[PDB]
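Give me coordinates for this.
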Amino acid sequence: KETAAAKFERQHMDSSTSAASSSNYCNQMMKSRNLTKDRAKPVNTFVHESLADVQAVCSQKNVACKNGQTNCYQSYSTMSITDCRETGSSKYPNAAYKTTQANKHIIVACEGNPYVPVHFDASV
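Residues are numbered from 1 along each chain as shown. Find the structure here:
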């Protein structure tokens, strides 16, 4: 089965591009990352930074997670991200996603050894 670190890379990492190219980016990526198979994941965020830069956030600002967990870290600088959200009219399997590109700090929960990101908590 998939490890938590590998699942985080598959669902959130997109270092091949510097930002969402078009409004079809989310439809494209949600499908090729396997996030619309048993159902469509309604919300997902992609980070357009190198994997080393995203793993480095686990040694940056330690903050509380949205669920009260204390293993979340906020990046010191902003990062290029793309928010993919299902529209009120998306019907599985024909999942329609709105793509919103932005520059913000990311907040991730880190775990294990090596200490790496395993959950995307939010962005600010």
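
all contacts plus neighbour counts: C-alpha atoms, from now on.
Noted.

isn't residue 30 right up against residue 36?
Yes - contact criterion Cα atoms under 8 Å: residue 30 and residue 36 qualify, at 6.3 Å.

quick one: which of these two has more around it?
Taking neighbours as other Cα atoms under 10 Å, residue 30 and residue 36 compare with residue 30 leading, 25 against 18.

need the contact list for that one.
Taking Cα atoms under 8 Å, 6 or more residues apart in numbering, we find residue 30 in contact with 36, 84.

Okay, buried residues for the one helix or strand it maps to please.
If you go by DSSP states H and E, residue 30 is part of helix 25-32. Buried residues in helix 25-32, counting neighbours by 16 or more other Cα atoms under 10 Å, are found at 25, 26, 27, 29, 30.

what does stretch 66-75 give?
72, 73, 74, 75.

With stretch 85-93 instead?
Under 16+ other Cα under 10 Å, the buried positions of stretch 85-93 are 85, 86.

Where does the closest residue to residue 120 other than its chain neighbours sit: helix, strand or coil?
Sequence neighbours aside, residue 108 is the residue nearest to residue 120 in space, at 4.6 Å (criterion: Cα to Cα, 6 or more residues apart in numbering). Under DSSP: H, G, I helix; E, B strand; the rest coil, residue 108 falls in the strand class.

just residue 53 next, same as before
Secondary structure, three-state DSSP: residue 53 is helix.

tally of neighbours for it?
Neighbours of residue 53 (other Cα under 10 Å): 11.

Equivalent analysis for residue 102, please.
16.

State the helix or strand in which it lies.
strand 97-104.

strands paired with that strand, and their directions?
strand 79-86 (antiparallel) (DSSP bridges).

any idea how far the partner strand is from the chain center?
Centroid separation for strand 79-86 versus its chain: 7 Å, with Cα atoms, centre = their mean, to the nearest Å.

Then stretch 35-43?
Worked out by Cα atoms, centre = their mean, stretch 35-43 lies 14 Å from the chain centre.

ok, now stretch 97-105?
For stretch 97-105 - counting by Cα atoms, centre = their mean - the centre lies 10 Å from the chain centre.
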